[PDB]
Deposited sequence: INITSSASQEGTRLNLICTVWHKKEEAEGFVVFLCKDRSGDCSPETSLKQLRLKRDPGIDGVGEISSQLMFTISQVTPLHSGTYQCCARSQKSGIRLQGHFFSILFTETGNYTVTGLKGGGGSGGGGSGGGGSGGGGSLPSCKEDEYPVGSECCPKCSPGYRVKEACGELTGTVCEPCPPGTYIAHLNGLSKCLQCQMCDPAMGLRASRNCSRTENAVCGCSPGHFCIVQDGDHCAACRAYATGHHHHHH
């Protein structure tokens, strides 16, 4: 499994290409999607284009721009995700720079990149740890956070953070549940009021 981004100019047309290799019996459920100028919340719902497949080994999304304009100026990302597996792929960022234009980042770090040896890798989405770091040509692999853990922010973390448990013994209970992207909150039990803050315990 991997993901790569590239581009082809043919005529005045410019083609942006997201290419993903995935195991064949992963194909059913699979989405690949290109977003422009996200804040690390590439989702299908927010993508310029998307492609969804069902089979029952490579998949490629192309996004064609007939003529390049300052409207096309920006940073793009190719992303993909498996619906059965939950696994998500984060392509390398690349930006169209209109000036006549140039495309960059095809092939220190950016906001939404983290550092890894001699490269800068795409961060994983909220609610996802880094399964596998990016290589030169290939982007980052992300796995969803397992139940009991979370990460709220775009990240390059290899373990998810442990959601805080609340001690029933202290008149604490979860006022907000633990989801993959949100930590739990401890509030007070029925008819209890808080006395130590952080609540650490209730009366």
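**Q** Can you list the gaps, numbered from 1 on the deposited sequence, where no C-alpha is modelled?
**A** In sequence order, the gaps with no modelled C-alpha are 57-64, 108-110, 119-140, 232-234, 240-250.
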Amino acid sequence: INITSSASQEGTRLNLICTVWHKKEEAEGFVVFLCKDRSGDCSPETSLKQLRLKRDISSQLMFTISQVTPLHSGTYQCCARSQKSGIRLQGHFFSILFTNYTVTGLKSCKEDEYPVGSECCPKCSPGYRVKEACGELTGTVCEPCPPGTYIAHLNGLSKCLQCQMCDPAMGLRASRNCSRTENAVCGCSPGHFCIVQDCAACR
From here on, numbers count along this sequence of modelled residues.
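**Q** Test of understanding: from the entry's C-alpha B-factors, which stretch has the higher mean, 157-165 or 135-143?
**A** Between 135-143 and 157-165, it is 157-165 that shows the higher mean C-alpha B-factor.
**Q** Quick check on the record: does 172-180 or 58-66 carry the larger mean Cα temperature factor?
**A** Comparing averages over the C-alpha atoms only gives 172-180.
**Q** Can you tell me which of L71, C79, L97, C124 has the highest Cα temperature factor in the record?
**A** Of the options given, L97 has the highest CA B-factor in the PDB entry.
**Q** According to the deposited entry, which of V31, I151, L48, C42 has the largest Cα B-factor?
**A** Among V31, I151, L48, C42, the PDB entry lists the largest C-alpha B-factor for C42.
**Q** When the modelled residues of the chain are sorted by Cα temperature factor, does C35 land in the lowest, middle or highest third?
**A** Lowest third - that is where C35 ends up once the chain's C-alpha B-factors are sorted.
**Q** Lowest, middle or highest third: where is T102 by Cα B-factor in its chain?
**A** For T102, the deposited C-alpha B-factor lands in the highest third.
**Q** Is the Cα B-factor recorded for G86 in the lowest, middle or highest third of its chain?
**A** It belongs to the middle third of the chain when residues are ordered by C-alpha B-factor.
**Q** C-alpha B factor of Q197, ranked within the chain: lowest, middle or highest third?
**A** CA B-factor rank for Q197: highest third.
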